[PDB]
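First the structure, in the form of structure tokens, and then the observations on it.
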Ligand SMILES: C[C@]12C[C@H](O)[C@H]3[C@@H](CCC4=CC(=O)CC[C@@]43C)[C@@H]1CC[C@@H]2C(=O)CO
């Protein structure tokens, strides 16, 4: 059986540790990608418009632009207003300047008060790219090989990073950031699938948890790496460079054997086992994804949980809010929860800590809803506890999701769940604003109820414990 064969080969070897380290480096690069948007756009100290006579005056006073800021309209900075030479203070459209030496995307692309809509639209389009990337890349990875798709996706990530680094204007930047998003989702998700596939079904929990740990390590390094290489071109190039180095290695990290032995070849899979022995269906379909009743229910609850967790996390971070030390603290805070799951699993069921995390997040949201005019410390710590619970939820969710889906289609359904998560990420801010206009703290209550029903629902899962991985239709064990 596919279990005895993997038993003959060492479950954990030096080669497996090396490929794990390489794919964790891929994961931290992906983490660099997602968190790049915030630091990429930092509002400068000031900005103001220019006029013809104003330009003539600045020609004699171009040095020390803060002098021009002191002399220019204070908006009554900038509030996108301009002076026409009790003088006319009308808004403008061009001739903007910035006194901040730290180059930013906002300064280069001239994103202003009437133009911050596209400042948010950059992130929105990135989420849309993530969604379509999951959608297309799951099918592409199921049809073709997995390793070849990862290397191909990484190539695209690198070229997209370079081109958005050297983008002349806005629309090309937006389109190629969309392409970067699809490629990044593909490479990250394939990397997760491959690390889950290579290892046997006892040390998979540490595999997923440590991948998460490397993601947290990347967001941790993000604040530290940002202080040096200030030029926005520099940080963008630093983000995109490791993708090429990942593309560099092909001989290591071979094709997954379990996926390979699916009647497509079989003989090739045996050769791969010998290579790692140094130490000692035309295509996937939706209708097949949903046709089975119990599998349909499992899929529906999984996508529901992805959606609710993503939206409550987005709401909580929006409620939360320096520019480097705060990011560093947020990075380090995430580690103890991941350690908590790392220690907890194999002593308890997998669905229980997820349900506990969802209940904790809902309770935290409900508590933060009340006492609006009280002290800030209690609301702050309760919101932080809810956020920590919701991240703990994410790590637990990735492992369970990978187990429920069958091996004949693994990257397919998980991509759909990730796509619903991305869609919730897109739709969160509009819902937040709409439900906050009527009355404050109402979205927090709604998200608390949503998380409560989510945690109640997860109890219907088949506990995904000690069953290894299911083959084709054997998924519906129950
Ligand atoms: C929440 C984490 C950061 C971020 O939130 C991740 C999440 C994994 C799923 C995921 C995929 C996306 O397409 C958007 C980001 C995100 C939703 C991560 C799990 C651990 C990690 C952290 O612990 C860092 O906060």
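Note that chain A carries Swiss-Prot numbering, so the residues on display, from first to last, are 3-78, 87-95, 121-315, 333-373, 378-534.
Each Cβ is built from the backbone N, Cα and C atoms, and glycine gets one as well.
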Looking at 72, 315, which residue has the N-linked glycosylation site feature per Swiss-Prot? 72
Looking at 150-170, 213-233, 335-355, 381-401, which one does Swiss-Prot call transmembrane segment? 381-401
Between 44-64, 182-202, which stretch does Swiss-Prot give the note transmembrane segment? 182-202
Ranges 241-261, 409-429: which does Swiss-Prot label transmembrane segment? 241-261
Looking at 435-455, 498-518, which one does Swiss-Prot call transmembrane segment? 498-518
Who are the long-range neighbours of the transmembrane segment (21-41) in its own chain, taking Cβ under 8 Å and residues 6 or more past its ends? 157-158, 161, 185, 189, 192, 215, 219, 222-223, 226-227, 229-230, 233, 242, 245-246, 249-254, 256-258, 260-261, 270-271, 274, 277-278, 281, 284, 287-288, 383
Using Cβ atoms and a strict cutoff of less than 8 Å, what residues sit near the transmembrane segment (468-488) while being 6 or more residues removed from its termini? 155, 159, 162-163, 165-167, 169-170, 172-174, 177, 220, 224, 228, 336, 341, 351, 354-355, 358-363, 366-367, 370, 457-458, 461, 499
Under 8 Å Cβ-Cβ from the transmembrane segment (241-261), and at least six residues away from its ends along the same chain, one finds 22, 25-27, 29-34, 37-38, 41, 227, 230-231, 234, 270, 273, 380-381, 383-384, 386-388, 390-391, 394, 397-398, 401, 450-451, 454-455, 458
What number of additional C-beta atoms lies within 10 angstroms of the C-beta atom of residue 72 (N-linked glycosylation site)? 10
Given a gap of 8 unmodelled residues from residue 78 to residue 87, what is the distance between their Cα atoms, rounded to a whole number of Å? 8
